[PDB]
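Quick note, the sequences are listed as chains A and B, same order. Using the working numbering, you'd call the opening residue of the first sequence number 24 and step up by one each time. Using the working numbering, you'd call the opening residue of the second sequence number 34 and step up by one each time. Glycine included, each C-beta is placed from N, C-alpha and C at the ideal position.
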Amino acid sequence: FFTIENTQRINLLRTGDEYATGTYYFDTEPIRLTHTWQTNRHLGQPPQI
Amino acid sequence: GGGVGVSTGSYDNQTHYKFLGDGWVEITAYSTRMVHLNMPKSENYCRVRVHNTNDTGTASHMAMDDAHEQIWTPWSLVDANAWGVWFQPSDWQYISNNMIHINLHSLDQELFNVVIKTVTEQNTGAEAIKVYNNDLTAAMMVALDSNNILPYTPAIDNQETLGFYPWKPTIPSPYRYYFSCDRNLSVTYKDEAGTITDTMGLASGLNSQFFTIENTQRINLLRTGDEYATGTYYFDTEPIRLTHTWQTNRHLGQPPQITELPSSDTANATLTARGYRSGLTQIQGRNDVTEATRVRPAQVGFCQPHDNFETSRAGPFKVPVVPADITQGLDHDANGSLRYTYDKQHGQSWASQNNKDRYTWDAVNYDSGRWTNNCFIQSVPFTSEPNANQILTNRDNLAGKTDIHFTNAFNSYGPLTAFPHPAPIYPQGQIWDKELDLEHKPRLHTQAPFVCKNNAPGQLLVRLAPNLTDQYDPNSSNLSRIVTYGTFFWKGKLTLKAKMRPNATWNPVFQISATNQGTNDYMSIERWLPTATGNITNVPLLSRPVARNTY
Numbered sequence: 024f025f026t027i028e029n030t031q032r033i034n035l036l037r038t039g040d041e042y043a044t045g046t047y048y049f050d051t052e053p054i055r056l057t058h059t060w061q062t063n064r065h066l067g068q069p070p071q072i
Numbered sequence: 034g035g036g037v038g039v040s041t042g043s044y045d046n047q048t049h050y051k052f053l054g055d056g057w058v059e060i061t062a063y064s065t066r067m068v069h070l071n072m073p074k075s076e077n078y079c080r081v082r083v084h085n086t087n088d089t090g091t092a093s094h095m096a097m098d099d100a101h102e103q104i105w106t107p108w109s110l111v112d113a114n115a116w117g118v119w120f121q122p123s124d125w126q127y128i129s130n131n132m133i134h135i136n137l138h139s140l141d142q143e144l145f146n147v148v149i150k151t152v153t154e155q156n157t158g159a160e161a162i163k164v165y166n167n168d169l170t171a172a173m174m175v176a177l178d179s180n181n182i183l184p185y186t187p188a189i190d191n192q193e194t195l196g197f198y199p200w201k202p203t204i205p206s207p208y209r210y211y212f213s214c215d216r217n218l219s220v221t222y223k224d225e226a227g228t229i230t231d232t233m234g235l236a237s238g239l240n241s242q243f244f245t246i247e248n249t250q251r252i253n254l255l256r257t258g259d260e261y262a263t264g265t266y267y268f269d270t271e272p273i274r275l276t277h278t279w280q281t282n283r284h285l286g287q288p289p290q291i292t293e294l295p296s297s298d299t300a301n302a303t304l305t306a307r308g309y310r311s312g313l314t315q316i317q318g319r320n321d322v323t324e325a326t327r328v329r330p331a332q333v334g335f336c337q338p339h340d341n342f343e344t345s346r347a348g349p350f351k352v353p354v355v356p357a358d359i360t361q362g363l364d365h366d367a368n369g370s371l372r373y374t375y376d377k378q379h380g381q382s383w384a385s386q387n388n389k390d391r392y393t394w395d396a397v398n399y400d401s402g403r404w405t406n407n408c409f410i411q412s413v414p415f416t417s418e419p420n421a422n423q424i425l426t427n428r429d430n431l432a433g434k435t436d437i438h439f440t441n442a443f444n445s446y447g448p449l450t451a452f453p454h455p456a457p458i459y460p461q462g463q464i465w466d467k468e469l470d471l472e473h474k475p476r477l478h479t480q481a482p483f484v485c486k487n488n489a490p491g492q493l494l495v496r497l498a499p500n501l502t503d504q505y506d507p508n509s510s511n512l513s514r515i516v517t518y519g520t521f522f523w524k525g526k527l528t529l530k531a532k533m534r535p536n537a538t539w540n541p542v543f544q545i546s547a548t549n550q551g552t553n554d555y556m557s558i559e560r561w562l563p564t565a566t567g568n569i570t571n572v573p574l575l576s577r578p579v580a581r582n583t584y
């Protein structure tokens, strides 16, 4: 059982106040934007006609 | 310098060894061939399809479907990748016997002494005679793909790689690659009433890729005095182990303690009664420890779906199966033993009348095999002496089918599974391969020991620049041109890293050794020697002779 008040620091913002999160930097692997059409049966060298 | 009448290269096929320190060896393999290149049979690209109405039209023949779609090119590729190209049989023996692991380092390639000639016919009276003479001004196009833009197309798949014999000339493999036709095909058994769809789809706007050598790459023009040299390509790969593992899942860990040493050499030792034995097992509700049910660190090898055919848009295909030992059950398919078909250039024998020569490679690494008929699953809660209903035996029928058993569809692969990486094959084996561009990648490719992490070595493409007659109509459907062929030398250098094996064993290790003729064993030396007429045969050598301790 977790409680927000016990867990963390709370900022109190009135009308003149503003809050700014720091810069968070991701560590992640890029993802590929191009699809693959090539089946298991399209792999390798085709037979010779 | 260079020019006509001055040769641009040298011929070195010999293999060298050098010892860098303790146990380390740098193996530098030179190989050289004379290559015979013919003018391409069509000057332009073609998109062709093979579709079997005869084979797949009849029911149940699905396994033999050849239907696909390919882009035929005028270009031809010089493919240096097989083990049989680089080494002679003795060098393979020396490496297989003495070294624990080996790894690829660099690859170099060169083309030199280009010679283009032309053919004329005369006088056609009586019998024609063909006159051959040089074109000194003719050229040959040469393009290397460094960036692997074009579809990667190993020639060894069809056994089209450069020949394995230094003194015989060899030919390039004509370059071609797949294209996506989206086949549809339906499943039937041997004699069945119904219809079979057996259709192929129209070209796809999403999936269609058409590549051209000229648009893609830079082409060098080589005349007789010119020579071409590939830079040094450096492999990034993981070494492979040259020593086989015998050690099964049931040989792992500490053996039980015997009560006492046997009295005589015939007598068997005895163990503490299984009721009183101390150990660790995952079976519940029974107080026993027995050598079969005790806990082992990991699973060695795994049961596999075998002779299963999965079908995506392309068509039905058999999924690969990792090579593993064939158990005494002799069953090859469940353990995925490779079977090669190859021609006289790469193998076979010049005396053989057959079109091809075929060999089944039964895997070494005796640890990972699976006897299929003796595998069984037992009901829970566990019981000794299960009645028929408490045990799953291979002999029983699955889904009411006679020859289909659970071991066909059963898959054991899991987190606890460990298996050795399969082994190279001296003739007909593929040295390296390119890794698929998918994000989630297989742990190993099945045929090739080495897989280039980032960028594979480039493909080397050659063709003869066309010789045109006096009359050339760019709009004509047919193109007349001067009959032309050429020859050139290919030279390459493959450096390796390897390490000598330590031997801690008392007894003699197994080794690859020639044997006298007249006994029928596989190693009879006659097979590595020429015949009277020069017929020579080159057969697969066993690899990994030396045993290893897994755990």
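Name the chain A residues whose beta carbon is nearer than 9 Å to that of residue i?
i: B/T186; result: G67, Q68, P69
i: B/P207; result: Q71
Taking the alpha carbon of residue i as the reference point, which residue from the options has its own alpha carbon closest?
i: B/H49; options: B/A531, B/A442, B/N191; result: B/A531
i: B/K434; options: B/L110, B/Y222, B/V68; result: B/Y222
i: residue 592 of chain B; options: B/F212, B/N167, B/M174, B/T170; result: Nothing can be reported for residue 592 of chain B: it is not among the residues displayed for chain B, which extend from 34 to 584.
i: B/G56; options: B/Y63, B/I135, B/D99, B/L70; result: B/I135
i: B/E260; options: B/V147, B/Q337, B/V333, B/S109; result: B/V147
i: A/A43; options: A/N34, A/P53, A/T30, A/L66; result: A/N34
i: B/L562; options: B/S43, B/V118, B/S123, B/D88; result: B/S123
i: B/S311; options: B/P295, B/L371, B/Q290; result: B/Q290
i: B/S445; options: B/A367, B/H473, B/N500, B/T194; result: B/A367
i: B/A176; options: B/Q192, B/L144, B/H277; result: B/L144
i: B/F483; options: B/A62, B/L140, B/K467; result: B/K467
i: B/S417; options: B/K474, B/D321, B/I246; result: B/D321
i: B/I458; options: B/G234, B/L575, B/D112; result: B/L575
With DSSP run on the structure shown, which of helix, strand or coil describes residue i?
i: B/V354; result: coil
i: B/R283; result: helix
i: B/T157; result: coil
i: B/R560; result: helix
i: B/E247; result: helix
i: B/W116; result: helix
i: B/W383; result: coil
i: B/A421; result: helix
i: B/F439; result: helix
i: B/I273; result: strand
i: B/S75; result: coil
i: B/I291; result: strand
i: B/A188; result: helix
i: B/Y165; result: strand
i: B/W125; result: helix
Closer than 9 Å, CB to CB, is residue i near chain B or not?
i: A/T59; result: yes
i: A/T51; result: no
i: A/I72; result: yes
Anything in chain A within Cβ reach of residue i, meaning under 8 Å, just list it in chain order.
i: B/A347; result: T62, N63, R64, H65
i: B/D400; result: Per Cβ cutoff of 8 Å: no residues; B/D400 is ~28 Å from chain A at best.
Run through chain B and tell me which residues come within less than 7 Å of residue i, C-beta to C-beta.
i: A/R55; result: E472
List the residues of chain A that residue i touches, going by C-beta distances under 7 Å, in chain order.
i: B/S213; result: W60, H65
i: B/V81; result: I72
Check the Cβ-Cβ distances between residue i and every residue of chain A, and say whether any is below 9 Å.
i: B/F350; result: yes
i: B/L239; result: yes
i: B/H101; result: yes
i: B/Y165; result: no
i: residue 33 of chain B; result: This structure gives no information on residue 33 of chain B, because the portion of chain B shown stretches from 34 to 584.
i: B/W116; result: no
i: B/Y210; result: yes
i: B/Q381; result: no
i: B/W105; result: yes
i: B/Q242; result: yes
i: B/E154; result: no
i: B/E193; result: yes
i: B/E343; result: yes
What I want to know is whether the C-beta of residue i ends up closer than 8 Å to one or more non-hydrogen atoms of the ligand ADP.
i: B/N136; result: In the structure on display, the ligand ADP does not appear, and there are no ligands present to speak of.
Under the DSSP definition of a beta bridge, which residues are partnered with residue i?
i: B/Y375; result: B/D390
i: B/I149; result: B/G519
i: B/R327; result: B/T314
i: B/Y63; result: B/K526
i: B/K434; result: B/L431
i: B/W57; result: B/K532
For residue i, would you say it is in contact with chain D, using Cβ-to-Cβ distances shorter than 9 Å as the test?
i: B/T305; result: Protein chains A and B are contained in the structure displayed, whereas chain D is not.
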